[PDB]
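Participant: no sequence for this one, just the structure:
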Ligand code: NA
């Protein structure tokens with residue numbers, strides 16, 4: 001599922017990221033702090049960050065994506081890919 005999340009600021013945003021071009025992996029949210037701005041914003045552990053403030057995250061180094069997020073104006077605009085689930089009942 002593709003989605004666009006706007007996170008109210010300013011930093012600290014209250015989430016964690018993994019990955020980047022130097023690890024040859026995508027930028028992914030791994031944790032959202034229970035008391036924090038990302039919790040309000042509808043951001044979920046496991047969301048892949050496709051774009052940061054309209055700029056593609058594809059070729060960003062870990063530290064590069066980290067820095068762009070921390071330096072970001074409010075709101076932080078993330079383009080996301082989210083893994084949906086289906087349960088049998
Ligand atoms: Na910021």
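Facilitator: Cool, got the structure. Numbers count the residues shown, from 1 in each chain.
Participant: C-alpha from now on. contacts and neighbour counts both.
Facilitator: Will do.
Participant: near the ion at all, the lengthiest helix in the chain?
Facilitator: Counting residues, the longest helix in the chain under DSSP state H turns out to be helix 62-70. Yes. Against the ion, helix 62-70 shows contacts by C-alpha under 5 Å from the ion at residue 70.
Participant: tell me the first helix or strand C-terminal of that helix.
Facilitator: Next helix or strand after helix 62-70 toward the C-terminus (DSSP states H and E): strand 76-81.
Participant: that next one and the ion, are they touching?
Facilitator: No. Using C-alpha under 5 Å from the ion, strand 76-81 stays clear of the ion, coming no nearer than 7.6 Å.
Participant: run the chain-centre distance for that strand.
Facilitator: Centroid separation for strand 76-81 versus its chain: 6 Å, with C-alpha atoms, centre = their mean, to the nearest Å.
Participant: tell me which parts of the protein are close to the ion?
Facilitator: So far as C-alpha under 5 Å from the ion goes, the chain lies against the ion at 11, 70, 71, 72.
Participant: residues contacting the first one?
Facilitator: Put plainly, it is residue 11. The neighbours of residue 11, taking C-alpha atoms under 8 Å, 6 or more residues apart in numbering as the test, are 70, 71, 72.
Participant: ok, of those, which one's closest to residue 53?
Facilitator: The closest of the contacts of residue 11 to residue 53 turns out to be residue 72 (C-alpha to C-alpha; 7.9 Å).
Participant: that closest one: how many residues sit nearby?
Facilitator: Taking other C-alpha atoms under 10 Å as the criterion, the count of residues near residue 72 is 16.
Participant: now swap in residue 88 and tell me
Facilitator: 3.
Participant: which helix or strand contains it?
Facilitator: Residue 88 belongs to no helix or strand when assigned by DSSP H and E.
Participant: where do the helices sit along the protein?
Facilitator: Going by DSSP H, the chain shows helices at 37-40, 62-70.
Participant: most neighbours per residue, which of those?
Facilitator: helix 37-40 (a mean of 18; mean count of other C-alpha atoms under 10 Å).
Participant: list of residues touching that helix?
Facilitator: For helix 37-40, the surrounding residues in contact (C-alpha under 8 Å, 6+ apart) are 7, 8, 9, 12, 13, 14, 15, 32, 33.
Participant: I'm done for today, thanks for sticking with me.
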